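Student: Can you keep this structure in mind? I'll have questions shortly.
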Amino acid sequence: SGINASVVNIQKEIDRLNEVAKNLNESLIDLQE
Amino acid sequence: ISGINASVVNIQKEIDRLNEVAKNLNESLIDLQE
Amino acid sequence: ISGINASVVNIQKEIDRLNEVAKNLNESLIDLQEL
Amino acid sequence: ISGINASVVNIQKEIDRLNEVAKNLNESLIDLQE
């Protein structure tokens with residue numbers, strides 16, 4: 001129903017959040033050394 | 001100073017991605033309610 | 001309905017947290033640009 | 001350079017916040033599937 005469209009979209013956004021964290025970690029590595 | 005430049009660009013792109021996440025979660029709320 | 005509301009409130013709370021993260025990252029960005 | 005060190009600390013704090021958000025959204029996903 002609407003709930004499972006919601007679950008698909010929330011899972012996609014969780015994946016996007018993981019990507020954001022990874023990219024911020026690489027920017028930290030560039031800022032340090 | 002080039003690494004600081006690259007950090008500024010990358011952090012801005014990630015801010016844009018966070019805004020995208022927030023907006024998609026908002027219409028996920030619309031799909032959950034009705 | 002009750003549980004739907006519980007999911008809705010929790011996701012809204014996480015949206016507010018994400019907006020806060022965006023604001024703080026923008027402030028660190030402004031500090032990086034003036035340096 | 002102290003501003004760079006402070007930027008590193010603060011961005012790490014926000015990365016931790018983002019991971020916590022991901023965990024809470026996974027918990028809401030588990031509740032939505034039931």
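Taken together, the values in this text are just the output of simple stated rules run on the coordinates, not laboratory data. Please note: Cβ atoms are built from the backbone with ideal geometry, for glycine as well, and neighbour counts cover all protein chains shown.
Student: What list do you get for D:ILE4, C:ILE11 if you sort them by fewest beta carbons within 10 Å?
Tutor: D:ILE4, C:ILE11
Student: Which whole-Hz ³J(HN,Hα) couplings does the range C:18-29 yield from phi under the Karplus relation 6.51 cos²θ - 1.76 cosθ + 1.60, θ = phi - 60°, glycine and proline marked x?
Tutor: 5, 4, 4, 4, 4, 4, 5, 5, 5, 5, 5, 5
Student: Roughly how compact is the protein assembly as shown, stated as its Cα Rg over 2.2 N^0.38 Å to two decimals?
Tutor: The value comes to 1.16.
Student: Note down the magnitude of the dipole of the protein assembly as shown about its Cα centre, charges +1 on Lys and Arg C-beta and -1 on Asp and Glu C-beta and zero elsewhere, to the nearest 20 debye.
Tutor: I would put it at about 20 debye.
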